[PDB]
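Line order of the protein sequences matches chains C, D, A and B. With the entry's author numbering applied, the first sequence covers 5 to 114, 116 to 167, 175 to 212. With the entry's author numbering applied, the second sequence covers 8 to 76, 80 to 117, 120 to 166, 174 to 212. With the entry's author numbering applied, the third sequence covers 5 to 112, 115 to 164, 176 to 211. With the entry's author numbering applied, the fourth sequence covers 5 to 165, 170 to 212. All residues carry an ideal CB built from backbone N, CA and C; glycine is no exception.
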Amino acid sequence: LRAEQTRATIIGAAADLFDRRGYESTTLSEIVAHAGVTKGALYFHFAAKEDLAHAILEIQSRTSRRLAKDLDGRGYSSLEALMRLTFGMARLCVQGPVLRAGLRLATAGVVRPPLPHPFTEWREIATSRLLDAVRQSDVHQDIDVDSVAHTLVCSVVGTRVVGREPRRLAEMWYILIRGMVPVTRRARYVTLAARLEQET
Amino acid sequence: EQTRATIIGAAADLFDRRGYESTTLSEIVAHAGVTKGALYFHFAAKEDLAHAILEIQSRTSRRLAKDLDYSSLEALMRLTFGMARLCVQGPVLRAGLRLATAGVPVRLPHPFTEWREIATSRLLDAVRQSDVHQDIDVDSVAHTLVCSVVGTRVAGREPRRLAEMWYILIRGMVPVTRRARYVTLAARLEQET
Amino acid sequence: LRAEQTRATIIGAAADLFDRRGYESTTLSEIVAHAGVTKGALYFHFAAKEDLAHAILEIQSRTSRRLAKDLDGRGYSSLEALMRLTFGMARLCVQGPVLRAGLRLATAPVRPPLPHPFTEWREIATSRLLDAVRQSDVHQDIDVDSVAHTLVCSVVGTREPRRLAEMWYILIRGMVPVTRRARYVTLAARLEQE
Amino acid sequence: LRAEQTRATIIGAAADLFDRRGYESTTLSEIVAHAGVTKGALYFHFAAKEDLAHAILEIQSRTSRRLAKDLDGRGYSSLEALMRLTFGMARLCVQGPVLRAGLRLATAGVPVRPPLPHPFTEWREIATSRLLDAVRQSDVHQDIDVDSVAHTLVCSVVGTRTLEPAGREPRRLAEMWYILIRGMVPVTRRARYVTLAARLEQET
DNA sequence: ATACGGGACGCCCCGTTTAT
DNA sequence: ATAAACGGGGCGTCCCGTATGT
């Protein structure tokens, strides 16, 4: 209402700090200052402050699945999905901090079910989208699919990536494509990555 | 001192488990046997424990790097594997990454742009000596190597992870011939458990 | 209002929480929570948290009267009336959730004019005691107070009429001329819920 | 150290406040204001503010049988002890706000933590004992229902009153005694007490 | 009278120096 | 390495009035 307008602002302003400072070290009032609200306006929306943690993870674990849908019957090859998908994730990290923050909160456990825990969400989404891309040839039917997925996930996670980071993800792809996709396929994809990094 | 190791050992445990920011002195002092005054006399402030943990790491980092004697790519390969073996060998070193993950306050060099700088030096030397193709881009590779060595957890699949990732690096990076040694090498370092 | 039913039931849960949690130990959160009522419903009815404490003392003192002026409706002896009352009043607090609270808030800020219940009570026992002296049931020599301090804790320092009778026994024995102790004691005995 | 000074001061401060204004309704800030200490000085000595109440209750229950003790060495018996024994507590009530807050805490909420020495089933005891021994000294009547009188006694001892002006406190108890004698005491020797009360009023 | 927003503190307790 | 004291917020939440889109 005026309610969501605020409720959002808050998460906004919280996700900014949480990303730049940590759950732990962001003052519950450095938030209510930086979102221009009041303790009690905040309170209506968030009683505890892992009510913020939680609703910030909430969004990430959601809008991930919302991109996983936004490109299927969009006519894409298995890999091309999973790849473009990650530039999608990378898309928003770059613009507005909610996601930026959600990543940083996946070192909190400030994890209680049916909360996402946002890694199986991705392992499984890639352990699948890969285990599928070894179908349309496109991979190598010799590879340990599971092991690559486990990698991909931090590979993604980065280090000042833990930007300029779409850029990084781009290279990461390259390093991974070369020596995962067969000789010929490397075409479609290297170009795919460079173009994905250009605009995403 | 002995008690000085004791305060850190306790501090590092509680840190890597509860986090720095929410580990209180009371609890460190508590879970250490040492008095509060004892604590403060050894270190000036809560952060100084955080410093002195980064110290152990950043130190014994190079203490392992001291074991260059060896293919530039091999040291670097093995360096990984050893480093990972350690980040389990007690809290101290493990808690070092934990403090790195969080808001690092430093000064010490810098936490990862030590590591990444190392990765590069080795890789540059590998390229200097044919083991790695000239027109890979080292830093792109340094970086990704520096990250990927977090995996996902940040629990037996650990060499079982590097090994596998090293392969992917080898497959695009190294010459086609020299490629083989380095793989059976990675298989073998995985067999240090 | 017909839909005062709410205000009845707001005070209902309000009163119960007070004599269990306490006054401020009890929060609006839990009152409306308990009540089965919106905050806003409560604020339309009462103005502020004290207004509920206030609303309660009122319900109490409006039974001090309501019940005192219905004993001296009968043909009663003043000193009889007086003890009659010290049993009625102490029987309500035995089972009234709304007056238990009345007590609990008396012990722990009463809005004027309302006279702090205790002094209300003492000047009533006085009133009646002084009457019974004129009737000659109580000796003409004893300092009327004595009074209401006695009879309060008898709940507060938590079957109990048996203790309330007990104290009459002691009182009657010292103030009521020797002749007339008969009646009152037998009556005090009789006044046990029965 | 003269931590004990502050430590004690705080409890003065707290008891004075706890007495005038209730437990619930006194702030740890009004307390630090009053004892002139800093929040962390108060914290050293008391973590929770229940500690501050439980330590006051203690300092009160302990202070009472220190009067069950001192009032022996055949310093009377049964009624005579019991009688001045009360007057003594009422004597400290009159100055030490710590004792005042003592009762103020029994009536309101006395919070959790082991054990909380319940100040009443304490007194029912000390009294039923002391009284039920003046049956054994025909200072009472064989007929008098001892346990009924203890509950009565303790009850009226608390009185209510500031609901009524402090210092008129042993004054009350004086009357309350008077009324109880008569009711309970052999005619033959009510004397001994009526004097022991009205003199004993101004001095305990 | 609903939802929403508003401040105000209360308590806890935490990371530290003086008395030493 | 003391025991005692120190301020300084953190979070929670409480008791309330201005806008209110069910």
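Contact between B/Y27 and B/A112 holds: their C-beta atoms lie close to 6 Å from each other, under 8 Å.
A straight-line Cα-Cα distance of about 14 Å links C/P178 and C/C159. Shown here, C/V41 sits in coil according to DSSP, grouped into three states, outside any helix or strand. Counting of Cβ neighbours within 10 angstroms places B/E34 among the exposed residues, the total staying below 16. Interface annotation, C/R197: not in contact with chain D, CB-CB separation never under 7 Å. D/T164 has a beta carbon lying within less than 7 Å of a beta carbon in chain C. Contact between the region 60-73 of chain B and the region 109-124 of chain B is present: 3 or more CB-CB pairs across the two stretches fall below 8 Å.
For C/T10, no CB of chain D lies under 7 Å from its own CB, so it is not counted at the interface with that chain.
Under the DSSP definition of a beta bridge, C/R190 partners with C/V193. Around the Cβ of D/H155, a 10 Å sphere holds 16 or more other Cβ atoms; the residue is buried. By alpha-carbon distance to C/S82, the top candidate from C/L71, C/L188, C/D137 and C/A17 is C/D137. Short of 8 Å from the beta carbon of A/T13, and not among the five residues preceding or following it, lie these beta carbons of its own chain, in chain order: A39, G40 and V41.
At least one C-beta of chain C is nearer than 7 Å to the C-beta of D/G26.
At a cut-off of 7 Å, the C-beta of A/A112 has a neighbouring C-beta in chain B. Look at D/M184: its C-beta is under 7 Å from a C-beta on chain C. Against A/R190, the close residues of chain B are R190, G191 and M192, in the order they occur along the chain (beta-carbon pairs closer than 9 Å). In terms of Cβ geometry, C/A105 and C/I60 form a close pair [threshold 7 Å]. D/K53 sits in a helix when the DSSP states are folded into three classes.
Under the rule that a run must span 4 or more residues, the alpha helix (DSSP H) segments found entirely inside the region 66-102 of chain B read 82-97. Within chain B, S152, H155 and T156 have C-beta atoms less than 7 Å from the C-beta of A/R180, given in sequence order.
With a cutoff of 7 Å on beta-carbon distance, C/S152 and D/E183 are scored as near each other. Inclusion of D/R190 and C/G191 in the CB contact set at 7 Å is warranted, their separation being smaller than that value. For D/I15, the enclosing alpha helix (DSSP H) covers residues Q9 to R25. Using a 10 angstroms sphere on the CB of C/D20, the tally of other CB atoms reaches 16 or more, which defines it as buried.
By the CB criterion at 7 Å, B/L109 and B/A174 fall outside the cutoff.
By the 16-neighbour rule on beta-carbons within 10 angstroms, B/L5 is exposed. Annotation: the continuous alpha helix (DSSP H) that includes C/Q210 extends over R198 to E211. Closest by C-alpha distance to C/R117, out of C/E54, C/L86 and C/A205, is C/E54.
Annotation: B/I148 is outside any alpha helix (DSSP H) and is labelled neither H nor E by DSSP. In summary, D/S68 is buried, with 16 or more beta-carbon neighbours lying within 10 Å of its beta-carbon over all protein chains present. Per DSSP, A/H155 is one residue of the alpha helix (DSSP H) stretching across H155 to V162. CA-to-CA, the gap between A/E84 and A/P101 works out to about 27 Å. Sequence-distant partners of C/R140 (beyond 5 residues in either direction) whose C-beta falls short of 8 Å from its own C-beta, in its chain, are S82.
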